[PDB]
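The structure under discussion appears below in the form of structure tokens.
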Amino acid sequence: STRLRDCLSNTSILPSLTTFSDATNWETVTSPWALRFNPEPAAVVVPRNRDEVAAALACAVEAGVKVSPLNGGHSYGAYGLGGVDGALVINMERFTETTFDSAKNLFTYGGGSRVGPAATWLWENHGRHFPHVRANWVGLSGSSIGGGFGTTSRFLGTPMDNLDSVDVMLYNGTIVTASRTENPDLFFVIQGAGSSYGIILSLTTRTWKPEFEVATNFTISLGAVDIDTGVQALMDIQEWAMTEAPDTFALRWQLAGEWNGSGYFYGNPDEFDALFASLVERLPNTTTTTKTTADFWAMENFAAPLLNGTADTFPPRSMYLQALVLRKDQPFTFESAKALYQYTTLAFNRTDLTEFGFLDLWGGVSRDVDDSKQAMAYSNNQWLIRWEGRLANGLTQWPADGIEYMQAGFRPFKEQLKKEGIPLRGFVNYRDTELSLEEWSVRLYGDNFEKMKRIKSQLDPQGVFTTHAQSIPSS
Ligand SMILES: *Cc1cc2c(cc1C)nc1c(=O)[nH]c(=O)nc-1n2C[C@H](O)[C@H](O)[C@H](O)COP(=O)(O)OP(=O)(O)OC[C@H]1O[C@@H](n2cnc3c(N)ncnc32)[C@H](O)[C@@H]1O
Ligand SMILES: *[C@@H]1O[C@H](CO)[C@@H](O[C@@H]2O[C@H](CO)[C@@H](O)[C@H](O)[C@H]2NC(C)=O)[C@H](O)[C@H]1NC(C)=O
Ligand SMILES: *[C@@H]1O[C@H](CO)[C@@H](O)[C@H](O)[C@H]1NC(C)=O
Ligand SMILES: *[C@@H]1O[C@H](CO)[C@@H](O)[C@H](O)[C@H]1NC(C)=O
Ligand SMILES: *[C@@H]1O[C@H](CO)[C@@H](O)[C@H](O)[C@H]1NC(C)=O
């Protein structure tokens, strides 16, 4: 460690903000949100300004160690701590500047920001919104580089595609601005795989002023129904969602916790009742619903508790997540939906694990996405499907067969997709840590992967940012 320590000790980074394993706070600074993992960094530093980021990077280059920026710490694979052991972790926590350009209605936030503080700042100062993940303390950099999905994404897009530009430090300390029209190759890979290419110092997002002061939420409960009835209900919901629903709806249909759903509507609250009537039309006669209204920012805080708070709503968790997407051209069939429900939630039976999962309705403005325009493949996404196992309360050891148990229940669904000729596709932020390179690369990036590897060779030839297991290799 001597080389890295001595180099860092000659920078201006505070000694109190430079930690190695002999530090009194090492265990705290290296603790992962994803408790199934425990990556061991070479060191963790907290830069106070852009020059200190560059100084830390230069020390990593001189020492021959990899570099991982740490933002909100939410990675489902502990990727911010490097994923693999031995990275220099650059904790971006001080980079929380917030500015608003009222001429262009663009919000600029620092590369170490979290969803809640930044959304709260923009709301309280300007009455504006940008799509964001549904959790108060997730990093904005770490979530925006993997698409993201929020309650407003069916009409506003993803956190990722609402980015207008970013400022990025490359491995050699050079700072560039990336956008669709400036350093487009870098912007391409930021939009899906940013951790493999640079350190995002600042991000600028488009923003939306809500048209209506009041928003609506709702629930749907089918009651005690059999599998065929529940599956038919999903098919009927899907048909409504693909033919009648406006883009301003959101809907989550439970996988674990069936047969129930919930959602939001961001159009005129006086138009909701007629739209909700059309949705519940075919549902079985045991169905009941609820509806409420609240002002826009109150609703935001009900969807993501404590957006304006001071602590994470979601404590660290030992879990294993899997996730697939379906597109508009090949959505659920009766057979594929039945395979999913029959062998995941309806067969789940463990004392040491609990089940979690849902189907988030997509569609809407995913119709405007082109896969050739950014690394992440997500054009015409129609559903986001999440199936997750969580360690039971009171246990501390993830079971040796937990991954196999979770994968087995989700396998009949995959086989039915294969039978129907439907590609297996994923969603970057919902990292499945058990996938092989052959699997994650095509599921996340489709046929963009070769281009991504070329850009990797061009922008990080020495591999400084090659850290976690899903890092983009060079060509
Ligand atoms: C924990 C969690 C995650 C989560 C969620 C709710 C909870 C409780 N809800 C989500 C949702 O509604 N929608 C969605 O799309 N994702 C949701 N997630 C997942 C979350 O978005 C991802 O796990 C995300 O990657 C987490 O980001 P975060 O910033 O919190 O985590 P990290 O470990 O520190 O970093 C993740 C990766 O991003 C790279 N990174 C971070 N900062 C930078 C900068 N400045 N520049 C470049 N790369 C950066 C890290 O290196 C790491 O690879
Ligand atoms: C839907 O909106 C209602 C508000 O109309 C939310 O209701 C709050 O729910 C919390 C649950 O933790 C209760 O403690 C509060 O008493 C409720 N507030 C009011 C004013 O009734 C509800 O949480 C929202 N649900 C979703 C999923 O967004
Ligand atoms: C957060 O915002 C909601 C909605 O305006 C408000 O009811 C609540 O009091 C706020 N919480 C804090 C801690 O300010
Ligand atoms: C659930 O698992 C237990 C063993 O832990 C078993 O006894 C029980 O029959 C199972 N329930 C089923 C298969 O419905
Ligand atoms: C730093 O690396 C980038 C990415 O390869 C390159 O474009 C730039 O010219 C380099 N800066 C130098 C050599 O000063």
Determine which single condition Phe187 fails, assuming it passes every other condition in (1) surrounded by fewer than 21 Cβ atoms within 10 Å (Cβ to Cβ); (2) among the aromatic types (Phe, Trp, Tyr); (3) out of contact with any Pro (no Cβ under 8 Å at 6 or more places or on another chain). (1)
Under the condition of being closer than 24 Å to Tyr378 by Cα and of a type in the set (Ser, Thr, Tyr), which residue from the stretch 297-340 is farthest from ligand 4 (Cβ to nearest atom)? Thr333
Between a first residue in the stretch 341-355 that is within 16 Å of ligand 1 (Cβ to nearest atom) and a second residue that is assigned to a loop (DSSP other than H, G, I, E, B) and hydrophobic (A, V, I, L, M, F, W, C), which pairs have beta carbons less than 9 Å apart while being 6 or more apart in sequence or on different chains? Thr354/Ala256; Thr354/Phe348; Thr354/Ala392
Which listed residue, of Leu88, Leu156, is closer than 22 Å to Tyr378 by Cβ and more than 16 Å from ligand 3 (Cβ to nearest atom): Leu156
By residue number, the members of the stretch 172-200 that are part of a strand (DSSP E or B) and more than 19 Å from the chain's Cα centre (by Cα) are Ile175, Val176, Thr177, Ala178, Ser179, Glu182
Odd one out for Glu124, checked against (1) surrounded by fewer than 16 Cβ atoms within 10 Å (Cβ to Cβ); (2) part of a loop (DSSP other than H, G, I, E, B); (3) of a type in the set (D, E, K, R): (2)
Failed item in (1) within 16 Å of ligand 1 (Cβ to nearest atom); (2) within 19 Å of the chain's Cα centre (by Cα), with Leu326 passing the rest: (1)
Could you tell me whether any residue of the stretch 160-171 is in a loop (DSSP other than H, G, I, E, B), away from ligand 1 (no atom under 16 Å from the Cβ), surrounded by fewer than 24 Cβ atoms within 10 Å (Cβ to Cβ) and on the phi < 0 side of the Ramachandran plot? no
Could you list, in sequence order, the residues of the stretch 310-342 that are among the aromatic types (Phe, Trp, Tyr), surrounded by 14 or more Cβ atoms within 10 Å (Cβ to Cβ) and assigned to a helix (DSSP H, G or I)? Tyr341
Among the residues of the stretch 416-432, is any touching a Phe, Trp or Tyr at 6+ places or on another chain (Cβ under 7 Å), among the aliphatic types (A, V, I, L, M), away from ligand 4 (no atom under 16 Å from the Cβ) and part of a helix (DSSP H, G or I)? no
Scope the stretch 255-297; condition more than 16 Å from ligand 2 (Cβ to nearest atom), surrounded by 15 or more Cβ atoms within 10 Å (Cβ to Cβ) and either free of Cβ contacts under 8 Å to residues at least 24 places away in the same chain or in a helix (DSSP H, G or I) (or both); matching residues: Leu275, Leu279, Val280
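Any read-out appearing in this document is the output of simple, stated calculations on the displayed coordinates, not a laboratory observation. Every residue, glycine as well, gets a Cβ built from its backbone with ideal geometry; the counts of neighbours run over all protein chains shown.
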